[PDB]
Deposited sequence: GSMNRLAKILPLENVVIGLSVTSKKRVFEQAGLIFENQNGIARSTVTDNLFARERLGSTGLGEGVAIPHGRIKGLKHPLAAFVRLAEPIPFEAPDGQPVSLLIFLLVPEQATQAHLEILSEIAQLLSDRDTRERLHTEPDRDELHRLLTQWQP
């Protein structure tokens, strides 16, 4: 059955093979993914400035970049897998290749904490994480992301 991500992480927001070197480039591209779904500038600059406060890496090559976007009516998420891991100042010093981006509206709701909780839990699951690293099919990645349960 479906988790909270099913509502907010559409198929077209699951992107793979992104081959970049800079963290900035990853956030620029995340901005393009979310664009008008809101402006790319707002998304990229918010996410990047937050990244500057402290890495959003959870360890083991995954990260949850997130931010609040004025004007957004509902939360939005995206998954990005990089072709090569990049330095991300992660707590364990390992480079990051798997990112779930989360944008939330300005007005907080209880669901926002629960959505981020679900994302952190999914990415913490060792076997799910391995599967996110290797699965070649976008439809299958999307199913895995949006149907994962503890």
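Engineer: Let me make sure I understand the coverage. Which parts of the deposited sequence, in order from the N-terminal end, have no C-alpha coordinates here?
Structural biologist: Residues lacking C-alpha coordinates: 1, 39-40.
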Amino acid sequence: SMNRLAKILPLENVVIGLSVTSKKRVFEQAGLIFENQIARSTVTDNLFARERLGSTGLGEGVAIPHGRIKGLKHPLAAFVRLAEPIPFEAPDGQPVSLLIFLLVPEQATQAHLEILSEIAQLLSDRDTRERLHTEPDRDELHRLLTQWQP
From here on, numbers count along this sequence of modelled residues.
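Engineer: Tell me which of 96-104 and 22-30 has the higher mean C-alpha B-factor in the deposited entry.
Structural biologist: The deposited B-factors put 22-30 ahead on the C-alpha mean.
Engineer: At the C-alpha atoms, which of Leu47, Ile115, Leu58, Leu82 reaches the highest B-factor in this entry?
Structural biologist: The listed residue with the largest C-alpha B-factor is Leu47.
Engineer: Among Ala90, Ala111, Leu53, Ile119, where is the Cα B factor highest in this entry?
Structural biologist: Checking the PDB record, the top C-alpha B-factor among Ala90, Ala111, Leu53, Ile119 is at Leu53.
Engineer: Just say lowest, middle or highest third for the CA B-factor of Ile69 relative to the other modelled residues in its chain.
Structural biologist: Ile69: CA B-factor falls in the middle third of its chain.
Engineer: Classify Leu145 as lowest, middle or highest third according to the C-alpha B-factor given in the PDB entry, relative to its own chain.
Structural biologist: Its C-alpha B-factor, which the entry lists for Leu145, ranks in the lowest third among residues of this chain.
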